[PDB]
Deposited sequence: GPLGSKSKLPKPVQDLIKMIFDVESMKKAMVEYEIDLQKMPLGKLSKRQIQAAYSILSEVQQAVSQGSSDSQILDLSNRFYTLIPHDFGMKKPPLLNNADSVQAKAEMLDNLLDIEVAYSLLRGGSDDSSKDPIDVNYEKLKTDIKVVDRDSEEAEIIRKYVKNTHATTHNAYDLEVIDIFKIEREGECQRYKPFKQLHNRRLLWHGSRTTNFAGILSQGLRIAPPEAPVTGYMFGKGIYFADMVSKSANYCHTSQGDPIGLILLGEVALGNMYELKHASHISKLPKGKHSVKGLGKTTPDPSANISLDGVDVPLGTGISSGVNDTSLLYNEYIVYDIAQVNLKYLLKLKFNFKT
């Protein structure tokens, strides 16, 4: 059988779970009866993205046409009601986000159904290799893991208290080719260990391909700071994007080292087409920041595990900080946590 440790095997089963794929899709009111996971095509979705970008700028017959074209490519099922027309910046945003997750679900599933039936190897091992990622378990006991469990603890935001966070498994990760792609940006200053949360169904995509940035076409709504890779320094701001429910209270979250360099500090939304010369990222300024006094330097990389205090920031659209980079090579994925979401209710 597979020689990979039990917690690593569960992770691989958890990331390639066909049922979580169906269940997220069902949550998107997508109609699996007309389109089950197999019918999911990379083109079916890429073409579906195009339509959305027409609606985006076509903004009064013809819109019915675009929507009917959309809802035909991606058959939903409100059962009755007849699907909502795509006629506003809100309705198009939510649909691109859904589409964005359908891309990864297609990635996850297609990775799964590829490969030879040559079965010397245990299935779990075969699928582990498809991730192109080296994954090891960090000792609960070790100090490395004490910091991580401390970063989780002291950085829950006072206002998110709809749940509590427990660390089941800490994984140390190295995506193939990523050290080499990150290396130039190692020379950049102000490097930081930052959270990125995502739906579990996104992880076959994220491990095999890395955090990537939104393609040539997609709305800029919901992006306070444009198309990039977003991170937070408050664990709970990232955990919220895991989309864990009370019925599904266990999530996957990332800790990534990001080369922020000279940050372009913003208090309000500005899409900004280009970073100014000499700037290497954007930091949205929230009212509540991690206390600098606890900030810890680990191998030339800051860990802002300071508990949430206030900054003299006013007035700002942000409750908590936000960091965005616009080149995928500015990120080096370091840890992946399996989190436990204990809900209050």
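- Judged by missing C-alpha atoms, the gaps in the deposited chain sequence fall at residues 1-5, 65-69, listed in sequence order.
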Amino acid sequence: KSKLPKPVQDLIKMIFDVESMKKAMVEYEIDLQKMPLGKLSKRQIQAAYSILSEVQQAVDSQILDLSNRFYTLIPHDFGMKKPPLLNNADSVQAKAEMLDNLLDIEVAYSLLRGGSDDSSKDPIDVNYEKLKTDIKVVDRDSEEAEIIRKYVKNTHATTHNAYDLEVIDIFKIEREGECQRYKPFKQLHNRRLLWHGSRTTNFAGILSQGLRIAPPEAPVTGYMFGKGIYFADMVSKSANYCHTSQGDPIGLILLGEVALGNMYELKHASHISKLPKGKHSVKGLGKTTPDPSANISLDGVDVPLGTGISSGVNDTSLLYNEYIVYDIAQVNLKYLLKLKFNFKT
From here on, numbers count along this sequence of modelled residues.
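Note that the rigid core is defined as the largest set of C-alphas that superpose within 1.5 Å between two forms.
- With every structure aligned by its rigid core, 139-147 is the stretch of 189-197 and 139-147 whose CA positions lie farther away in 5 other deposited structures of this protein.
- Larger average C-alpha displacement in 5 other deposited structures of this protein, relative to the shown form after a rigid core fit, is seen for 223-231 when comparing 169-177 with 223-231.
- Of the two segments examined, 135-143 and 225-233, it is 135-143 that shows the higher average Cα temperature factor in the deposited entry.
- 252-260 and 159-167 differ in mean CA B-factor, and the higher of the two is recorded for 159-167.
- Residue-level inspection of the entry shows that, of 184, 216, 197, 205, 216 has the top Cα B-factor.
- Across 86, 179, 105, 239, the entry's maximum B-factor at the CA atom is seen for 86.
- In the PDB entry, a CA B factor belonging to the middle third of its chain's modelled residues is recorded for residue 126.
- Per the PDB record, residue ranking by Cα B-factor puts residue 295 in the middle third of the chain.
- Annotation for residue 38: CA B-factor lies in the highest third of the chain's modelled residues.
- When the modelled residues of the chain are ordered by their C-alpha B factor, residue 304 lands in the middle third.
- Sort the modelled residues of the chain by CA B factor and residue 117 lands in the highest third.
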